[PDB]
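S.K.: Here's a structure for you.
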Amino acid sequence: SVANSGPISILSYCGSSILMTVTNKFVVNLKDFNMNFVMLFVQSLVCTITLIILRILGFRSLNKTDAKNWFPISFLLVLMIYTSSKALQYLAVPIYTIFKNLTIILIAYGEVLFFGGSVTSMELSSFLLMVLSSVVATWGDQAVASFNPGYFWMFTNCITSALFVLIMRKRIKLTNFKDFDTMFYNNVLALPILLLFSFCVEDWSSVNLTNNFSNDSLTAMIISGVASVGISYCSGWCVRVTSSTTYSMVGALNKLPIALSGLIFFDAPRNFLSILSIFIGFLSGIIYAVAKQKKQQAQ
Amino acid sequence: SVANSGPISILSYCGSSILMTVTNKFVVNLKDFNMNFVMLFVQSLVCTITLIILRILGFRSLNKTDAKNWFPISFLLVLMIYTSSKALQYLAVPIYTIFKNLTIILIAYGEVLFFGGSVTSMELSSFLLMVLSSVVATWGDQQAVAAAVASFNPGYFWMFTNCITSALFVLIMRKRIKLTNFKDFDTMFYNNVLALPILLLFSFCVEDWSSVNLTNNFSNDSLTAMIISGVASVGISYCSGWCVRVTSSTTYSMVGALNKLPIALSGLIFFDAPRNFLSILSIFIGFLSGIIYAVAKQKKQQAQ
Ligand SMILES: CCCCCCCC/C=C\CCCCCCCC(=O)OC[C@H](O)CO
Ligand SMILES: CCCCCCCC/C=C\CCCCCCCC(=O)OC[C@H](O)CO
Ligand SMILES: CCCCCCCC/C=C\CCCCCCCC(=O)OC[C@H](O)CO
Ligand SMILES: CCCCCCCC/C=C\CCCCCCCC(=O)OC[C@H](O)CO
Ligand SMILES: CCCCCCCC/C=C\CCCCCCCC(=O)OC[C@H](O)CO
């Protein structure tokens, strides 16, 4: 419709990402959770409950042909989170961001194998400025046994992150899936996969978990669940109206203003290299915006 | 000359750079010289002497209009060396290579202000892959830690001045060559002849001239070594002036940056020494930069 198109999705995805970040560190802080998949299962329950309440007050659709075709997308999503968490267990945050910025390039070249586009030299220049940014951020920061665990799990996160955004955006365009339908299938079908994943990788010790996962944590999972409502709708909107590359680019660009806020609002020590990485990352988004503007007038 | 065109100049500039590197570390090694400008003055004397002998056996030209127009080029050259040496005094080698790769971008955008071209998005992609390479080489290195901010400070000023003088030199030299149809033997002659007084004046201002304390250091051994390194510099001085002319100021600075990679790969192949994956990765990223830069130039020919 009127507002379901163009850069509105980007601005909305950004705002929803900002709201989710401030809620997780100010409202529902100290969320160093022992049962992350259970937390995401409650987050996906809140999103489903909101969707059903909003449908009976006005949207979306329920099926079984679309369900068996959407199941790999939902499986890829849960596996993407699993490989990401396992990669971050052994790998450092600035290092994780390098490979996460490297996925943008294979998502860009992967979209040429899925939709038949072309990665213009200017888009390729921006992706390189995004890698440069993540590298100078790591550069400005402080054994074979420790090497291989983190790197293997990062390689698997790279392929799952790519396949997920590429296959999801393919099915949406194939089954004329509007935003609210995409949000629904992603959260409804995730519910069993999130449960099955938690049983295989998390501890379920009765009394030792009842005192930790009490009324306080339950309230916190619901509040973080309410915060995730926007971003879950917006990510599925972003991929659809723009592209899988633009979504992963906007996602990488979003980390910069929250990092700049830490430098502005909080009296904390920093090096010039970490400050430089933020502005290199900005130049990447600026020239990526021009690259898209160039495509319109050249196609 | 006919075979005085295209990639032949690049191959020649590369080979002459290789010969100069192997001579300085195998033939005339232990060249940790106290009087570097005096060494370059003998190198420029050898080049001049070779040019005069070869002219009377067969070339070039002698003038006064071209001399006052080539004087800033020769001054920029000696100043380029002075700022480079002063930058390297405070700044680490992998760090120096980052800014040296960053000059390629301002040489590329500077050539648009001098010749009126265009830095195609593909060329811009290659320059970024060249910066990426130098950065991951510095990242995968621990030689940067050299020994309060009262110890490390003037390095970045001397590096910034080297960046502008390296750019201006290659941009103004190529401009004059194309203007005065200078070919190659004239560009080599005017660079070395006009450098002679500037190299002398620079050595008097920044180097020690203590009589007996230098006579025993700068003996018959060092004199022979300056002549041999002077013979090695004959090729590269002709080829650099050839490269800038037939290709471009950007291609010359790109080929110059690309040249450091095969000599580094030779160190990994020929010599049993320890290394990290990042330093190995930087070499192949640098190769991808040259490969996509070659395609970028091939794209320009069919699109102009
Ligand atoms: C273990 C960690 C490994 C880290 C690895 C980092 C180095 C790879 C970086 C970039 C690849 C770029 C290659 C693809 C670009 C080729 C040029 C291209 O496709 O340009 C546009 C085209 O010409 C339009 O027609
Ligand atoms: C392929 C790239 C990604 C890498 C592969 C990721 C995993 C693949 C999925 C399922 C494996 C089977 C999981 C089901 C079995 C549970 C495994 C486990 O943790 O078993 C311990 C057991 O529960 C103690 O009682
Ligand atoms: C030490 C680390 C602590 C970090 C503390 C985090 C605090 C986050 C709060 C507010 C910033 C939110 C960002 C607000 C500005 C967003 C601007 C925006 O979206 O700009 C798009 C632009 O206009 C397109 O051209
Ligand atoms: C030591 C000092 C500690 C201080 C700690 C403060 C933490 C940050 C708080 C608020 C920033 C949030 C601003 C978010 C508003 C949205 C950004 C924006 O662009 O707003 C424009 C307009 O007003 C609406 O769109
Ligand atoms: C210790 C190391 C510190 C340094 C770390 C590396 C710094 C990299 C920053 C910038 C690259 C230069 C700018 C690249 C080009 C910017 C965009 C531009 O100029 O675009 C015009 C183009 O023609 C449109 O197609």
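By convention in this document, the chains of the structure tokens carry letters A, B, ... by their order, each chain's residues are numbered from 1, and ligands are numbered from 1 in the order they are shown.
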How close does each residue of region 147-207 of chain A get to region 220-242 of chain A, giving the shortest atom pair and distance in Å to one decimal for every residue with an atom at most 6 Å away, counting only C-alpha atoms, sorted by chain and residue number, as JSON lines?
M.R.:
{"residue": "A:169", "atom": "CA", "partner": "A:240", "partner_atom": "CA", "distance": 5.9}
{"residue": "A:179", "atom": "CA", "partner": "A:237", "partner_atom": "CA", "distance": 5.5}
{"residue": "A:183", "atom": "CA", "partner": "A:233", "partner_atom": "CA", "distance": 5.2}
S.K.: Return the neighbours of chain A among the residues of chain B, cut-off 6 Å, counting only C-alpha atoms, as number ranges by chain.
M.R.: B: 121-122, 125
S.K.: Check the DSSP output for the backbone and give back, as JSON, numbers by chain, the residues of region 123-185 of chain A in helix (DSSP H, G or I).
M.R.: {"A": [123, 124, 125, 126, 127, 128, 129, 130, 131, 132, 133, 134, 135, 136, 137, 138, 139, 144, 145, 146, 147, 148, 149, 150, 151, 152, 153, 154, 155, 156, 157, 158, 159, 160, 161, 162, 163, 164, 165, 166, 167, 168, 169, 170, 171, 172, 173, 174, 181, 182, 183, 184, 185]}
S.K.: Please provide as a list in words all residues within 9 Å of residue 208 (chain B), with the sequence filter that same-chain residues fewer than 3 positions apart are discarded (counting only C-alpha atoms).
M.R.: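 Contacts, with the query itself left out: residues 34, 35, 203, 204, 205 and 214 of chain B.
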S.K.: Could the residues in this selection be saved with N, CA and C atoms as a compact mmCIF listing (two decimals), in the first residue's frame?
M.R.:
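To be explicit, this is the file written out as part.txt:
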# COMPACT_ATOMS: atom_id res chain seq x y z
N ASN B 34 74.94 5.87 6.19
CA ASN B 34 74.82 7.07 7.02
C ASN B 34 74.58 8.30 6.13
N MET B 35 74.99 8.23 4.84
CA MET B 35 74.84 9.30 3.85
C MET B 35 74.07 8.82 2.61
N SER B 203 71.73 16.78 1.09
CA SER B 203 72.71 16.08 1.93
C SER B 203 73.46 17.03 2.87
N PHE B 204 73.75 18.27 2.42
CA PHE B 204 74.44 19.27 3.24
C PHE B 204 73.59 19.75 4.43
N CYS B 205 72.26 19.74 4.26
CA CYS B 205 71.29 20.20 5.26
C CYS B 205 70.88 19.15 6.29
N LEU B 214 84.41 9.90 8.77
CA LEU B 214 83.67 9.47 7.58
C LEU B 214 84.58 8.86 6.50
S.K.: Could you pull the residues within 12 Å of region 103-118 of chain A, counting only C-alpha atoms, minus those fewer than 4 positions along the same chain, as a ChimeraX atom specification?
M.R.: /A:96-99,122-131,154-171,173-174,239,243-253,291-292,295,299
S.K.: Collect all residues with atoms no farther than 8 Å from ligand 3, counting only C-alpha atoms and all ligand atoms, and output them as a list in words.
M.R.: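 Within the 8 Å cut-off, the matching residues are residues 11, 14, 15, 18, 21, 22, 254, 257, 258, 259, 260, 261, 262, 263, 265, 266 and 268 of chain A.
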S.K.: Restricting the output to N, CA, C and O atoms, write the selected residues as an mmCIF file, in the first residue's frame.
M.R.:
data_model
loop_
_atom_site.group_PDB
_atom_site.id
_atom_site.type_symbol
_atom_site.label_atom_id
_atom_site.label_comp_id
_atom_site.auth_asym_id
_atom_site.auth_seq_id
_atom_site.Cartn_x
_atom_site.Cartn_y
_atom_site.Cartn_z
ATOM 1 N N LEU A 11 13.946 2.521 7.303
ATOM 2 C CA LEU A 11 13.754 3.422 8.446
ATOM 3 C C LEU A 11 13.020 2.720 9.581
ATOM 4 O O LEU A 11 13.377 2.918 10.744
ATOM 5 N N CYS A 14 15.321 -0.039 11.033
ATOM 6 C CA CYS A 14 16.310 0.664 11.844
ATOM 7 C C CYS A 14 15.745 1.030 13.210
ATOM 8 O O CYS A 14 16.349 0.677 14.216
ATOM 9 N N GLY A 15 14.585 1.689 13.226
ATOM 10 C CA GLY A 15 13.890 2.096 14.445
ATOM 11 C C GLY A 15 13.533 0.938 15.358
ATOM 12 O O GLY A 15 13.686 1.039 16.580
ATOM 13 N N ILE A 18 16.735 -0.309 16.952
ATOM 14 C CA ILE A 18 17.118 0.655 17.994
ATOM 15 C C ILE A 18 16.317 0.362 19.273
ATOM 16 O O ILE A 18 16.910 0.240 20.346
ATOM 17 N N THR A 21 17.432 -2.844 20.944
ATOM 18 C CA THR A 21 18.740 -2.688 21.583
ATOM 19 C C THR A 21 18.615 -1.962 22.927
ATOM 20 O O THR A 21 19.198 -2.424 23.907
ATOM 21 N N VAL A 22 17.842 -0.855 22.982
ATOM 22 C CA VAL A 22 17.639 -0.084 24.217
ATOM 23 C C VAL A 22 16.817 -0.869 25.247
ATOM 24 O O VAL A 22 17.066 -0.719 26.439
ATOM 25 N N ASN A 254 23.294 -0.541 10.886
ATOM 26 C CA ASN A 254 22.540 -0.270 12.119
ATOM 27 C C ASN A 254 23.392 -0.302 13.392
ATOM 28 O O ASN A 254 23.054 0.371 14.369
ATOM 29 N N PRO A 257 25.366 3.601 14.411
ATOM 30 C CA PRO A 257 24.829 4.675 15.270
ATOM 31 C C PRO A 257 24.699 4.317 16.756
ATOM 32 O O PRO A 257 24.829 5.211 17.596
ATOM 33 N N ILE A 258 24.472 3.023 17.087
ATOM 34 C CA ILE A 258 24.373 2.588 18.484
ATOM 35 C C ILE A 258 25.773 2.610 19.134
ATOM 36 O O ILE A 258 25.885 2.896 20.327
ATOM 37 N N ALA A 259 26.832 2.349 18.328
ATOM 38 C CA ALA A 259 28.235 2.374 18.756
ATOM 39 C C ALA A 259 28.695 3.817 18.959
ATOM 40 O O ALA A 259 29.430 4.093 19.906
ATOM 41 N N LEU A 260 28.239 4.735 18.078
ATOM 42 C CA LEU A 260 28.530 6.169 18.138
ATOM 43 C C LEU A 260 27.851 6.790 19.362
ATOM 44 O O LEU A 260 28.409 7.708 19.966
ATOM 45 N N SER A 261 26.665 6.259 19.743
ATOM 46 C CA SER A 261 25.913 6.673 20.929
ATOM 47 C C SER A 261 26.686 6.336 22.201
ATOM 48 O O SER A 261 26.651 7.109 23.152
ATOM 49 N N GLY A 262 27.405 5.213 22.188
ATOM 50 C CA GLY A 262 28.251 4.787 23.299
ATOM 51 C C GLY A 262 29.431 5.714 23.505
ATOM 52 O O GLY A 262 29.867 5.926 24.641
ATOM 53 N N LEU A 263 29.940 6.289 22.396
ATOM 54 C CA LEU A 263 31.054 7.235 22.398
ATOM 55 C C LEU A 263 30.571 8.618 22.836
ATOM 56 O O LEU A 263 31.317 9.325 23.510
ATOM 57 N N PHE A 265 27.172 9.494 24.485
ATOM 58 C CA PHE A 265 26.467 9.449 25.761
ATOM 59 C C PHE A 265 27.267 8.906 26.946
ATOM 60 O O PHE A 265 26.973 9.291 28.081
ATOM 61 N N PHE A 266 28.243 8.014 26.715
ATOM 62 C CA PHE A 266 28.959 7.402 27.831
ATOM 63 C C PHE A 266 30.452 7.684 27.877
ATOM 64 O O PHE A 266 31.180 7.398 26.922
ATOM 65 N N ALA A 268 33.601 6.763 28.403
ATOM 66 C CA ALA A 268 34.350 5.510 28.309
ATOM 67 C C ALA A 268 35.593 5.703 27.441
ATOM 68 O O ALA A 268 35.553 6.532 26.529
#
S.K.: Counting only C-alpha atoms and all ligand atoms, give me one row per residue of chain A with an atom at most 10 Å from an atom of ligand 2, showing the shortest contact pair and its distance in Å to one decimal, sorted by chain then residue number, as a Markdown table.
M.R.:
| residue | atom | partner | partner_atom_place_in_ligand_line | distance |
| --- | --- | --- | --- | --- |
| A:79 | CA | ligand 2 | 6 (C) | 7.4 |
| A:80 | CA | ligand 2 | 3 (C) | 9.1 |
| A:82 | CA | ligand 2 | 6 (C) | 8.1 |
| A:83 | CA | ligand 2 | 3 (C) | 7.0 |
| A:86 | CA | ligand 2 | 6 (C) | 9.9 |
| A:152 | CA | ligand 2 | 4 (C) | 8.6 |
| A:153 | CA | ligand 2 | 4 (C) | 7.3 |
| A:154 | CA | ligand 2 | 3 (C) | 9.9 |
| A:155 | CA | ligand 2 | 2 (C) | 8.8 |
| A:156 | CA | ligand 2 | 2 (C) | 5.4 |
| A:157 | CA | ligand 2 | 3 (C) | 8.0 |
| A:159 | CA | ligand 2 | 2 (C) | 8.7 |
| A:160 | CA | ligand 2 | 2 (C) | 8.3 |
| A:196 | CA | ligand 2 | 14 (C) | 8.7 |
| A:197 | CA | ligand 2 | 13 (C) | 8.0 |
| A:198 | CA | ligand 2 | 19 (O) | 9.8 |
| A:199 | CA | ligand 2 | 23 (O) | 7.5 |
| A:200 | CA | ligand 2 | 16 (C) | 4.8 |
| A:201 | CA | ligand 2 | 19 (O) | 5.3 |
| A:202 | CA | ligand 2 | 19 (O) | 8.6 |
| A:203 | CA | ligand 2 | 23 (O) | 9.5 |
S.K.: Compare B:303, B:246, B:167, B:107 by their minimum atom-to-atom distance to ligand 5, counting only C-alpha atoms and all ligand atoms, and give me the closest one.
M.R.: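 Nearest to ligand 5: B:107.
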S.K.: Which residue, A:208, A:54, A:137, A:72, has the smallest gap to ligand 5 when you use only C-alpha atoms and all ligand atoms?
M.R.: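 Ranked by minimum distance to ligand 5, first place goes to A:137.
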S.K.: Any idea what's packed within 9 Å of region 146-148 of chain B, counting only C-alpha atoms, ignoring anything in its chain fewer than 2 positions away? Could you give it as a count of residues only?
M.R.: 8
S.K.: Counting only C-alpha atoms and all ligand atoms, name the residues that have an atom within 10 Å of an atom of ligand 5; the answer should be given as a VMD selection string.
M.R.: (chain A and resid 121 to 123 125 to 126 128 to 129 132 to 133 135 to 137 139 to 140 272 to 273 276 to 277 279 to 281 283 to 284 286 to 288 290 to 291 294) or (chain B and resid 94 to 99 101 to 106 108 to 109 118 to 125 127 to 128 131 to 132 134 to 135 138 to 139)
S.K.: What gap, in Å, lies between CA of residue 37 (chain A) and CA of residue 195 (chain A)?
M.R.: 7.1 Å
S.K.: Would you work out the distance separating CA of residue 73 (chain B) from CA of residue 172 (chain B), expressed in Å to one decimal?
M.R.: 6.6 Å
